[PDB]
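Visitor: Have a look at this one before I ask anything.
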Amino acid sequence: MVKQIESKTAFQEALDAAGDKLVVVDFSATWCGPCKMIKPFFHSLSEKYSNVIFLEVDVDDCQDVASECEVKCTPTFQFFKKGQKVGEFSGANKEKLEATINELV
């Protein structure tokens, strides 16, 4: 289910094909280690939550989208709905994702 963005024009379409179901983005680096080290946690949800949408952005080949959210520390989790930001929390905290999803579920 998870999907990696590509550019700005894309980041838009994704939010347009995700209907309105929870849309949680994972702004982190794919090249870095400790960043993609939290993958078996955010990426393993593609099976558990089959109704929620999950996206992944690389702050290296898509800095255009990262610099758009004005991030300040990776990894940075963002919440989008209908194409509007409703939640956003950064930190290497993965156990927070779950509960957080229960927030906009």
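Naming works like this for the structure tokens: A, B, ... for the chains as they're shown, residue 1 at the start of each chain, ligands 1 onward in shown order.
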DSSP says alpha helix (DSSP H) for which residues of chain A? Put them as a PyMOL selection string?

Guide: chain A and resi 8-17+33-36+39-42+45-48+63-69+95-104

Visitor: Quick one: everything within 6 Å of region 25-35 of chain A, counting only C-alpha atoms, minus sequence neighbours fewer than 3 positions away in the same chain. Send it as number ranges by chain.

Guide: A: 55-59, 74-78

Visitor: Quick one: write out the picked residues with C-alpha atoms as a PDB file, in the first residue's frame?

Guide:
ATOM      1  CA  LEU A  55       3.098   7.626   1.529  1.00  0.00           C
ATOM      2  CA  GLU A  56       6.887   7.948   1.796  1.00  0.00           C
ATOM      3  CA  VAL A  57       9.009  10.974   0.792  1.00  0.00           C
ATOM      4  CA  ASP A  58      12.788  11.005   0.359  1.00  0.00           C
ATOM      5  CA  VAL A  59      14.371  14.262   1.539  1.00  0.00           C
ATOM      6  CA  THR A  74      13.764  13.906  10.164  1.00  0.00           C
ATOM      7  CA  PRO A  75      11.922  11.680  10.399  1.00  0.00           C
ATOM      8  CA  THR A  76       8.821  13.921  10.236  1.00  0.00           C
ATOM      9  CA  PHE A  77       5.324  12.420  10.190  1.00  0.00           C
ATOM     10  CA  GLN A  78       2.564  14.504   8.592  1.00  0.00           C
TER      11      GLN A  78
END

Visitor: Could you pull out the residues in chain A that DSSP calls strand (DSSP E or B) from the backbone, as a PyMOL selection string?

Guide: chain A and resi 3-4+23-28+53-58+76-81+84-90

Visitor: Applying 12 Å and only C-alpha atoms, which residues near residue 87 (chain A) remain after dropping the ones on its own chain fewer than 6 positions away? List them as JSON, numbers by chain.

Guide: {"A": [22, 23, 24, 25, 76, 77, 78, 79, 80, 81, 97, 100, 101, 102, 103, 104, 105]}

Visitor: Write out as a list in words the residues lying within 10 Å of residue 95 (chain A), counting only C-alpha atoms and excluding same-chain residues fewer than 4 positions away.

Guide: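 Using only C-alpha atoms, the neighbours found are residues 41, 42, 99 and 100 of chain A.
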
Visitor: Output C-alpha atoms of each residue in that selection to a file, as a compact mmCIF listing (two decimals), in the first residue's frame.

Guide:
# COMPACT_ATOMS: atom_id res chain seq x y z
CA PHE A 41 7.29 -0.03 11.71
CA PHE A 42 5.70 2.50 9.31
CA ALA A 99 -2.25 6.17 18.72
CA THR A 100 -1.95 9.22 16.45

Visitor: Between A:63, A:44, A:51, A:93, which residue has the minimum interatomic distance to residue 19 (chain A), considering only C-alpha atoms?

Guide: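 Among the listed residues, A:51 lies closest to residue 19 (chain A).
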
Visitor: Report the distance between CA of residue 36 (chain A) and CA of residue 53 (chain A) in Å, rounded to one decimal place.

Guide: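 That distance, rounded to one decimal, is 18.7 Å.
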
Visitor: Which of these residues is nearest to residue 73 (chain A), using only C-alpha atoms: A:90, A:50, A:7, A:12?

Guide: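 Between A:90, A:50, A:7, A:12, the residue approaching residue 73 (chain A) most closely is A:90.
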